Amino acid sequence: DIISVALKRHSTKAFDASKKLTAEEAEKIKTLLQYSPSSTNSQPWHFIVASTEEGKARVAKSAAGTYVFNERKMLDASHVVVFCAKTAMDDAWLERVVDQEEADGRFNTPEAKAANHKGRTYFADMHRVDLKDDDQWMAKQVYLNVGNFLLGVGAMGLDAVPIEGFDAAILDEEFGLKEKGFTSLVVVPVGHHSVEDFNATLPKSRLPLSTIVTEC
């Protein structure tokens, strides 16, 4: 049951540094990242997956100053995922997307690919040209990917914590992501909680359905 997963999953505060993902688990987490939906199948994202001790330490440099209370969550977890959004929607990306969809067998005629390209360009152009918000639109898709990921890892029986408390300017410099066209948004350390994770045994808390839902 997925609902039991939803009620049991928690934001891990401390990871066991001796528990690592299997090679099968490492492959499956990467499948989850790749297969999330996105508006127009635009997939405007890049992911850093750090599993080495050198790589996690480099990600862990961004939990500087005020974000030092999240550094140990990055170093003790098995795999650390960095979710990055594209910084602008370019026309090369859109043609990369429609060429992948043709290569995957989604179009039956050249008119069906041209129709799909036109339709995606129009909605990319509403954000790029009309609203001037393509940066915010692509970042919103990366957060939907985070949502998908947290539930999926929970359903695999693993522990994780979504981190917004890190320095994105520090992280983007280290991996040289502005040169590559991307910016870091959320860091998700993945592994197994330890006995020091105080949040594992505390109750879940959410606003009641009376406040947050309207039925019509």
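We call the rigid core whatever largest set of C-alpha positions still superposes within 1.5 Å between the two forms. Numbers follow the displayed sequence, beginning with 1.
Using the rigid core as the fitting frame, the root mean square C-alpha deviation in 5 other deposited structures of this protein is greater for 116 to 124 than for the other of 116 to 124 and 78 to 86. As listed in the deposited structure, the average C-alpha B-factor of 54 to 62 and of 161 to 169 is greater for 54 to 62. Between 70 to 78 and 142 to 150, it is 70 to 78 that carries the larger average Cα temperature factor according to the deposited entry. For the set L177, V188, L32, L185, the PDB entry puts the maximum C-alpha B factor at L177. The entry lists a Cα temperature factor for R206 that places it in the middle third of the chain's modelled residues. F107: CA B factor in the middle third of modelled residues in this chain (values from the PDB entry). In this PDB entry, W93 carries a Cα temperature factor that places it within the middle third of its chain's modelled residues.
The deposited CA B-factor of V129 belongs to the highest third of values across its chain.
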